[PDB]
Amino acid sequence: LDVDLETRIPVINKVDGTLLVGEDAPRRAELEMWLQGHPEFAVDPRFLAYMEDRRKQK
C-alpha cells in the first residue's frame, strides 16, 4: 500500500500541456529527481484523483 516505485507516473507539463504516459513517463523511482530538474512537469492530477478514488473503507 504505497506506489511501490516501479510504477510509471503520468506527468504533465504545467506550462505547455504535454501529458506523458506509459514508458514515456518516468519511473516513480526516478520521478522524485526527475521533477527536481524540470518543475515544468508535475504529476497528472487525474492520477491524483485516481488516488482519491483508491480507498480502503466504505
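What counts and how
By convention in this text, residue numbers begin from 1 on each chain and track the written sequence, not necessarily the entry numbering, and residues missing coordinates are not displayed. Just so you know, side-chain values use all the structure's heavy atoms and leave hydrogens and water out. Only DSSP runs of H or I covering at least 4 residues are called helices, and only runs of E covering at least 2 are called strands; the numbering of each starts at the N terminus. Only protein chains enter the accessibility calculation, which uses a 1.4 Å probe; a residue whose area is less than 20% of its type maximum is buried, one above 50% is exposed, and one in between is partly exposed. Charged residues are defined narrowly, with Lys and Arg counted positive, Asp and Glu counted negative, and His plus the chain ends left uncounted. Salt bridges are counted wherever a side-chain nitrogen of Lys or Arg sits within 4 Å of a carboxyl oxygen of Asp or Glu. Whenever two N or O atoms come within 3.5 Å, that pair is a polar contact, provided that in protein one can donate a hydrogen and the other can accept it, and provided that, for residues adjacent in sequence, both atoms are side-chain atoms. Contact criterion: two residues are considered in contact whenever any of their non-hydrogen atoms come within 4.5 Å of each other. Strand pairing is defined by DSSP finding a minimum of two bridges between the two strands. A fitted line through C-alpha atoms serves as each axis, taken over the contacting stretch for helices, and the angle formed by two N-to-C directions is quoted from 0 to 180°. Nonpolar cores are built from buried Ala, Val, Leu, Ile, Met, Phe, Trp, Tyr and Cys residues. Side-chain atoms within 4.5 Å join them into one set.

- Identification of the protein as CHROMODOMAIN-HELICASE-DNA-BINDING PROTEIN 8 from Homo sapiens is taken from the PDB entry.
- In its PDB record the entry is named "Solution structures of the BRK domains of the human Chromo Helicase Domain 7 and 8, reveals structural similarity with GYF domain suggesting a role in protein interaction".

### With respect to the side chain of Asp 44
Then, number 1: Position of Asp 44 relative to the elements: it lies in the loop between β3 (41–43) and α2 (45–53).
Then, number 2: In this structure, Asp 44 is buried with no salt-bridge partner, the nearest side chain bearing the opposite charge being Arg 46 at 6.7 Å.

### A closer look at the side chain of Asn 13
Then, number 1: Relative to the helices and strands, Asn 13 resides in strand β1 (residues 11–13).
Then, number 2: Reaching out from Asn 13, the side chain makes a polar contact with the side chain of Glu 40 at a distance of 3.5 Å.
Then, number 3: Contacts of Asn 13, omitting those with residues within four sequence positions, involve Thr 18, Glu 40 and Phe 41.

### A look at the sheet that holds strand β2 (residues 19–20)
Then, number 1: If you trace the 3 strands from one edge of the open sheet to the other, you get β2-β1-β3, paired in antiparallel fashion. The strands lining the two open edges of the sheet, one partner per strand, are β2 and β3.
Then, number 2: Here β1 runs beside β3; their pairing, made up of 3 bridges, is antiparallel. Its bridge partner being in β3, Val 11 is matched across the sheet by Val 43.
Then, number 3: Lying over the sheet, helix α1 (residues 28–37) contacts β1, β2 and β3, oriented at roughly 140 degrees with respect to β3.

### Describing the nonpolar core
Among soluble globular proteins, nonpolar side chains are generally buried collectively.
Then, number 1: Counting residues in each nonpolar core, the largest one holds 10 residues, listed as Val 3, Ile 9, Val 11, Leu 20, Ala 25, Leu 31, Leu 35, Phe 41, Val 43 and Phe 47.
Then, number 2: If we ignore the near neighbours within four places in the chain, the residues touching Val 11 are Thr 18, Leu 19, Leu 20, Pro 26, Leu 31, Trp 34, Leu 35, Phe 41, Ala 42, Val 43 and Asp 44.

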